[PDB]
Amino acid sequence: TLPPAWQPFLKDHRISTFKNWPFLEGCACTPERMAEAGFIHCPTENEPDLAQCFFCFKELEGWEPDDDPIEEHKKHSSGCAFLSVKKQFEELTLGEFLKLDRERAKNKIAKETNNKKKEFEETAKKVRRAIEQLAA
C-alpha cells in the first residue's frame, strides 16, 4: 500500500472520499470528474457540499450540477500547481513527486497562516465593537 500522508495524490483515493456527493450520473461535477480536478469531499454541517483541493487547499461550496470542476479550479485558484501536472501519477518520477509534495507542504502552511489571519481579524472586530459600545 501507499503511505497515508501521500494518499490524496491518488485519484482513486480522492474519489473514495466523496460520500453522499449529491451530483452523480447526469452531472458534470461527478465525483470522478471532481477527483480528477484534485478535490476531496470534506462536508460540514452548514456546508455538506464543501470540496477542497488536496494540493492548494482552496475550498469551494455551492456546487451546481453543470459546473466543470477543472474550469472551476482554474478560476478560484489559478495559481495551483497540480493544475499543471500533465502526467499521470505513476508516470512521474520520485524527484518530480517530492518537488510537488514540498509545494503542498508549503501551500498547507501558507493556508494555515491565511486562516490564523482571518481568525485574528475576527477577534479584532469583536474587540473594536466592544470598545466602541463601552465608550458610547
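All residue numbers refer to positions in the sequence shown, first residue = 1.
For the pair 34-42 and 82-90, the mean Cα B-factor is higher in 82-90. When the mean C-alpha temperature factors of 43-51 and 101-109 are read from the deposited coordinates, 43-51 comes out higher. For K126, the recorded CA temperature factor ranks within the lowest third of the chain's modelled residues. Split the chain's modelled residues into thirds by C-alpha temperature factor. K116 is in the highest one. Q133 sits in the lowest third of its chain by CA B factor, as recorded in the PDB entry. Ranked by Cα temperature factor within the chain, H76 sits in the highest third according to the deposited record.
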